[PDB]
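This is protein_31.txt (compact mmCIF, C-alpha atoms).
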# COMPACT_ATOMS: atom_id res chain seq x y z
CA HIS A 213 76.10 46.85 -2.88
CA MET A 214 74.75 48.61 -5.93
CA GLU A 215 75.51 45.91 -8.45
CA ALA A 216 72.09 44.21 -8.50
CA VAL A 217 70.02 47.34 -8.88
CA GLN A 218 72.42 48.82 -11.45
CA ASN A 219 72.33 45.57 -13.46
CA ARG A 220 68.55 45.84 -13.52
CA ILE A 221 68.69 49.45 -14.71
CA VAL A 222 71.08 48.62 -17.51
CA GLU A 223 69.06 45.60 -18.66
CA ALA A 224 65.83 47.56 -18.68
CA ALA A 225 67.36 50.38 -20.65
CA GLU A 226 69.02 48.12 -23.23
CA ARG A 227 65.69 46.49 -24.07
CA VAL A 228 64.24 49.83 -25.25
CA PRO A 229 64.25 50.23 -29.02
CA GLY A 230 67.07 52.54 -30.18
CA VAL A 231 69.36 52.12 -27.18
CA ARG A 232 72.96 51.32 -28.28
CA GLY A 233 74.29 50.56 -24.81
CA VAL A 234 74.44 52.36 -21.55
CA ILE A 235 77.39 54.67 -21.64
CA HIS A 236 77.13 55.94 -18.08
CA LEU A 237 75.06 55.18 -14.99
CA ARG A 238 75.30 56.81 -11.64
CA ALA A 239 72.91 55.68 -8.93
CA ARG A 240 72.72 56.64 -5.39
CA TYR A 241 70.42 55.95 -2.49
CA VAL A 242 68.51 58.95 -1.09
CA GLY A 243 67.03 57.18 1.92
CA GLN A 244 65.40 54.01 0.58
CA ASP A 245 64.95 55.64 -2.86
CA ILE A 246 67.25 55.54 -5.86
CA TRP A 247 68.19 58.69 -7.76
CA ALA A 248 70.04 58.03 -10.98
CA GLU A 249 71.51 59.67 -14.06
CA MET A 250 72.31 57.87 -17.20
CA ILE A 251 73.65 58.34 -20.69
CA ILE A 252 72.50 56.05 -23.45
CA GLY A 253 74.15 55.55 -26.85
CA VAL A 254 71.99 56.15 -29.92
CA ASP A 255 72.40 55.97 -33.72
CA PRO A 256 74.34 59.17 -34.68
CA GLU A 257 71.86 59.54 -37.60
CA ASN A 258 68.78 59.58 -35.40
CA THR A 259 67.43 63.09 -35.14
CA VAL A 260 67.69 65.10 -31.94
CA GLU A 261 63.92 64.66 -31.59
CA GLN A 262 64.20 60.87 -31.94
CA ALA A 263 66.99 60.80 -29.34
CA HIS A 264 64.72 62.72 -26.97
CA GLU A 265 61.97 60.12 -27.60
CA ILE A 266 64.33 57.25 -26.86
CA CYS A 267 65.43 58.98 -23.64
CA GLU A 268 61.80 59.37 -22.57
CA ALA A 269 61.06 55.72 -23.38
CA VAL A 270 64.09 54.60 -21.35
CA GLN A 271 62.92 56.72 -18.39
CA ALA A 272 59.49 55.11 -18.57
CA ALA A 273 60.78 51.54 -18.99
CA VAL A 274 63.39 51.78 -16.23
CA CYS A 275 61.05 53.53 -13.74
CA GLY A 276 58.35 51.02 -14.60
CA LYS A 277 60.57 48.06 -13.81
CA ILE A 278 62.55 49.35 -10.82
CA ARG A 279 60.03 50.72 -8.40
CA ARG A 280 62.51 52.20 -5.89
CA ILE A 281 63.74 54.74 -8.47
CA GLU A 282 62.31 58.19 -7.65
CA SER A 283 64.46 60.23 -10.02
CA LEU A 284 65.99 59.20 -13.34
CA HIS A 285 67.69 61.70 -15.69
CA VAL A 286 68.45 60.25 -19.13
CA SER A 287 70.58 61.83 -21.87
CA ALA A 288 71.89 60.51 -25.16
CA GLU A 289 75.17 60.50 -27.09
CA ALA A 290 76.05 59.22 -30.58
CA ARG A 291 77.45 55.68 -30.60
CA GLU A 292 78.68 53.84 -33.75
CA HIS B 213 57.97 43.76 2.92
CA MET B 214 57.69 41.03 0.33
CA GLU B 215 55.48 42.87 -2.11
CA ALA B 216 58.21 44.16 -4.46
CA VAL B 217 60.05 40.89 -4.87
CA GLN B 218 56.81 38.91 -5.20
CA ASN B 219 55.55 41.35 -7.85
CA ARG B 220 58.75 40.74 -9.79
CA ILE B 221 58.33 36.97 -9.54
CA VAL B 222 54.77 37.10 -10.78
CA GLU B 223 55.61 39.41 -13.69
CA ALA B 224 58.53 37.26 -14.78
CA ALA B 225 56.45 34.11 -14.67
CA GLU B 226 53.50 35.60 -16.56
CA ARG B 227 55.74 36.59 -19.47
CA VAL B 228 56.66 32.92 -20.13
CA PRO B 229 54.72 31.38 -22.99
CA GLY B 230 51.93 29.08 -21.73
CA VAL B 231 51.51 30.62 -18.28
CA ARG B 232 47.81 31.36 -17.52
CA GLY B 233 48.42 33.28 -14.31
CA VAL B 234 50.16 32.61 -11.08
CA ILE B 235 47.81 30.65 -8.90
CA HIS B 236 50.00 30.54 -5.81
CA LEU B 237 53.30 32.02 -4.66
CA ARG B 238 54.99 31.55 -1.37
CA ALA B 239 58.32 33.24 -0.81
CA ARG B 240 60.42 33.42 2.20
CA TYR B 241 63.82 34.77 3.09
CA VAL B 242 66.44 32.19 4.15
CA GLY B 243 69.10 34.66 5.22
CA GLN B 244 69.50 37.10 2.32
CA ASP B 245 68.24 34.45 -0.15
CA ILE B 246 64.72 33.82 -1.36
CA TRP B 247 63.21 30.34 -1.41
CA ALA B 248 59.90 30.12 -3.20
CA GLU B 249 57.20 27.75 -4.38
CA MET B 250 54.72 28.55 -7.02
CA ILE B 251 51.81 27.14 -8.95
CA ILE B 252 51.14 28.35 -12.46
CA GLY B 253 47.93 27.91 -14.46
CA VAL B 254 48.22 26.20 -17.84
CA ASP B 255 45.87 25.22 -20.70
CA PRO B 256 44.02 22.07 -19.46
CA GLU B 257 44.63 20.59 -22.96
CA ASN B 258 48.39 20.96 -22.80
CA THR B 259 49.99 17.59 -22.20
CA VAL B 260 51.62 16.71 -18.90
CA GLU B 261 54.96 16.90 -20.72
CA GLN B 262 54.20 20.40 -22.03
CA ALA B 263 53.18 21.53 -18.53
CA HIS B 264 56.52 20.24 -17.23
CA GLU B 265 58.29 22.25 -19.97
CA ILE B 266 56.41 25.41 -19.05
CA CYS B 267 57.31 24.88 -15.38
CA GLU B 268 60.98 24.51 -16.29
CA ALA B 269 60.86 27.64 -18.46
CA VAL B 270 59.24 29.61 -15.62
CA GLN B 271 61.97 28.41 -13.22
CA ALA B 272 64.64 29.58 -15.65
CA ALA B 273 63.00 32.94 -16.41
CA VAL B 274 62.25 33.81 -12.79
CA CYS B 275 65.69 32.72 -11.48
CA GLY B 276 67.31 34.58 -14.35
CA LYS B 277 65.57 37.83 -13.49
CA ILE B 278 65.57 37.72 -9.68
CA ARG B 279 69.09 36.94 -8.64
CA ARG B 280 68.42 36.54 -4.89
CA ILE B 281 66.26 33.45 -5.52
CA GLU B 282 68.22 30.31 -4.54
CA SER B 283 65.34 27.84 -4.67
CA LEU B 284 62.22 27.92 -6.83
CA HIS B 285 59.78 24.98 -7.04
CA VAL B 286 57.21 25.35 -9.82
CA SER B 287 54.11 23.19 -10.40
CA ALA B 288 51.17 23.54 -12.75
CA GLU B 289 47.39 23.25 -12.58
CA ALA B 290 44.70 23.45 -15.29
CA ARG B 291 43.18 26.92 -15.67
CA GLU B 292 40.33 27.79 -18.11
Whole structure, structure tokens version:
Amino acid sequence: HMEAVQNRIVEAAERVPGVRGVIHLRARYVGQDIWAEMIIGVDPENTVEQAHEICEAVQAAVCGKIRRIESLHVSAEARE
Amino acid sequence: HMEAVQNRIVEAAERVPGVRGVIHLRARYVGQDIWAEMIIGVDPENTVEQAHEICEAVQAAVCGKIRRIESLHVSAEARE
């Protein structure tokens, strides 16, 4: 039942400035730990550097809030 | 291991305007559900009515964020 933990990931990520939705989220248990990969939407007119900053902020916010996550890979794609 | 869920309760409650710490928190599992009681600190010069409003806001915020909670009793005491 991954719904609860994935809902928490999505909520945490959406609250980070510059996130235009969670496009993709894959999470899996590795023992009691979560390993996850996610794609966030960002403003197509943000720079590549800004998108990298948003990704890093999402990684921090999500790992900060969901303590069981032991790996979180975040990438960005243009949305709207 | 109640630490993770109790940390989440405390954090959620502290982010509600007017909460001056969590004085007490007791949480227990009733099957897969959490039942909890908590005491929040509030400004001694808030009115009784305001303290009741803060308690209700904490109940909403905490239940909103921690979906496994199926009962949450919140009371208030003067702090500082």
Chain fit of chain B to chain A, all Cα atoms, as an mmCIF file with C-alpha atoms, in the coordinates of the input:
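The file below, superposed04.cif, is the result:
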data_model
loop_
_atom_site.group_PDB
_atom_site.id
_atom_site.type_symbol
_atom_site.label_atom_id
_atom_site.label_comp_id
_atom_site.auth_asym_id
_atom_site.auth_seq_id
_atom_site.Cartn_x
_atom_site.Cartn_y
_atom_site.Cartn_z
ATOM 1 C CA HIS B 213 76.103 46.858 -2.879
ATOM 2 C CA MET B 214 74.746 48.611 -5.933
ATOM 3 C CA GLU B 215 75.517 45.912 -8.452
ATOM 4 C CA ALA B 216 72.091 44.208 -8.498
ATOM 5 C CA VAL B 217 70.021 47.340 -8.881
ATOM 6 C CA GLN B 218 72.421 48.819 -11.447
ATOM 7 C CA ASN B 219 72.330 45.573 -13.452
ATOM 8 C CA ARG B 220 68.548 45.836 -13.517
ATOM 9 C CA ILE B 221 68.695 49.443 -14.708
ATOM 10 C CA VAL B 222 71.083 48.614 -17.508
ATOM 11 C CA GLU B 223 69.063 45.600 -18.667
ATOM 12 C CA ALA B 224 65.822 47.559 -18.680
ATOM 13 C CA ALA B 225 67.361 50.386 -20.655
ATOM 14 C CA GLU B 226 69.015 48.123 -23.231
ATOM 15 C CA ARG B 227 65.687 46.484 -24.071
ATOM 16 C CA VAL B 228 64.232 49.834 -25.256
ATOM 17 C CA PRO B 229 64.250 50.228 -29.019
ATOM 18 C CA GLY B 230 67.067 52.544 -30.185
ATOM 19 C CA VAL B 231 69.360 52.121 -27.183
ATOM 20 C CA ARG B 232 72.963 51.324 -28.276
ATOM 21 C CA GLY B 233 74.290 50.559 -24.809
ATOM 22 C CA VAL B 234 74.435 52.354 -21.543
ATOM 23 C CA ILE B 235 77.389 54.674 -21.643
ATOM 24 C CA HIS B 236 77.129 55.935 -18.079
ATOM 25 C CA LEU B 237 75.061 55.190 -14.986
ATOM 26 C CA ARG B 238 75.297 56.809 -11.636
ATOM 27 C CA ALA B 239 72.915 55.684 -8.932
ATOM 28 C CA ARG B 240 72.716 56.639 -5.389
ATOM 29 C CA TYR B 241 70.415 55.944 -2.491
ATOM 30 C CA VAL B 242 68.511 58.951 -1.085
ATOM 31 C CA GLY B 243 67.033 57.186 1.919
ATOM 32 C CA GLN B 244 65.403 54.012 0.580
ATOM 33 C CA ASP B 245 64.947 55.639 -2.864
ATOM 34 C CA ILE B 246 67.248 55.542 -5.855
ATOM 35 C CA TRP B 247 68.190 58.683 -7.763
ATOM 36 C CA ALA B 248 70.047 58.036 -10.978
ATOM 37 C CA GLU B 249 71.511 59.669 -14.059
ATOM 38 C CA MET B 250 72.313 57.868 -17.201
ATOM 39 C CA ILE B 251 73.651 58.340 -20.690
ATOM 40 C CA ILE B 252 72.501 56.044 -23.453
ATOM 41 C CA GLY B 253 74.144 55.550 -26.852
ATOM 42 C CA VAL B 254 71.983 56.144 -29.920
ATOM 43 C CA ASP B 255 72.400 55.970 -33.722
ATOM 44 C CA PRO B 256 74.332 59.170 -34.679
ATOM 45 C CA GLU B 257 71.858 59.537 -37.604
ATOM 46 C CA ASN B 258 68.783 59.576 -35.403
ATOM 47 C CA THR B 259 67.433 63.095 -35.140
ATOM 48 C CA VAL B 260 67.689 65.100 -31.940
ATOM 49 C CA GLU B 261 63.923 64.656 -31.589
ATOM 50 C CA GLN B 262 64.201 60.869 -31.939
ATOM 51 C CA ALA B 263 66.992 60.795 -29.336
ATOM 52 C CA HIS B 264 64.718 62.721 -26.964
ATOM 53 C CA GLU B 265 61.969 60.127 -27.596
ATOM 54 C CA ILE B 266 64.329 57.254 -26.861
ATOM 55 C CA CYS B 267 65.429 58.977 -23.639
ATOM 56 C CA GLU B 268 61.807 59.375 -22.566
ATOM 57 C CA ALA B 269 61.060 55.728 -23.382
ATOM 58 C CA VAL B 270 64.092 54.600 -21.355
ATOM 59 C CA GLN B 271 62.917 56.728 -18.398
ATOM 60 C CA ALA B 272 59.490 55.106 -18.576
ATOM 61 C CA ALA B 273 60.789 51.543 -18.990
ATOM 62 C CA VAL B 274 63.390 51.777 -16.232
ATOM 63 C CA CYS B 275 61.054 53.525 -13.738
ATOM 64 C CA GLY B 276 58.352 51.020 -14.598
ATOM 65 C CA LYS B 277 60.570 48.055 -13.811
ATOM 66 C CA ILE B 278 62.544 49.343 -10.816
ATOM 67 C CA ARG B 279 60.028 50.721 -8.398
ATOM 68 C CA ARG B 280 62.514 52.205 -5.889
ATOM 69 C CA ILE B 281 63.740 54.738 -8.475
ATOM 70 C CA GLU B 282 62.304 58.190 -7.651
ATOM 71 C CA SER B 283 64.458 60.227 -10.022
ATOM 72 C CA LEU B 284 65.989 59.199 -13.339
ATOM 73 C CA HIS B 285 67.686 61.696 -15.691
ATOM 74 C CA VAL B 286 68.453 60.250 -19.125
ATOM 75 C CA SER B 287 70.587 61.835 -21.872
ATOM 76 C CA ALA B 288 71.890 60.508 -25.163
ATOM 77 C CA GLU B 289 75.161 60.495 -27.087
ATOM 78 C CA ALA B 290 76.051 59.221 -30.580
ATOM 79 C CA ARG B 291 77.457 55.682 -30.596
ATOM 80 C CA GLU B 292 78.683 53.844 -33.750
#
Name the closest residue to chain A among the candidates B:231, B:254, B:217, B:237; distances are taken between atoms, counting only C-alpha atoms.
B:217
Only residues of chain A matter here; which ones have an atom within 10 Å of chain B, counting all atoms listed in the file? Give them as a list in words.
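On the chain A side, the interface is residues 216, 220, 223, 277, 278, 279 and 280 of chain A.
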Taking 3 positions as the minimum chain separation for residues in the same chain, which residues sit within 9 Å of residue B:225 when counting all atoms listed in the file? Answer as a PyMOL selection string.
chain B and resi 220-222+228-229+231+233-234+252+269-271+273-274
Could you work out an axis-aligned box for stretch 216-235 of chain B, taking every atom the file lists and adding 4 Å on each side, and report centre and edge lengths in Å to one decimal, as JSON?
{"center_x": 53.9, "center_y": 36.6, "center_z": -13.7, "size_x": 20.2, "size_y": 23.1, "size_z": 26.5}
Could you list, as number ranges by chain, every residue within 10 Å of residue B:257, counting only C-alpha atoms and ignoring same-chain residues fewer than 3 positions away?
B: 254, 260, 262-263, 290-292
Report, in Å with one decimal, the straight-line distance from atom CA of residue A:232 to atom CA of residue A:267.
11.7 Å
Provide the atom CA of residue B:230 to atom CA of residue B:259 distance in Å, to one decimal place.
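So the answer is 11.7 Å.
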Quick one: distance from atom CA of residue B:251 to atom CA of residue B:265 in Å, one decimal?
13.7 Å
Tell me, as a PyMOL selection string, which residues lie within 12 Å of residue B:240, counting only C-alpha atoms; anything in the same chain fewer than 3 positions away does not count.
chain B and resi 213-215+217-218+237+243-250+280-284
Given only C-alpha atoms as the basis, pick out the residue of B:224, B:275, B:288, B:235 nearest to residue B:261.
B:288
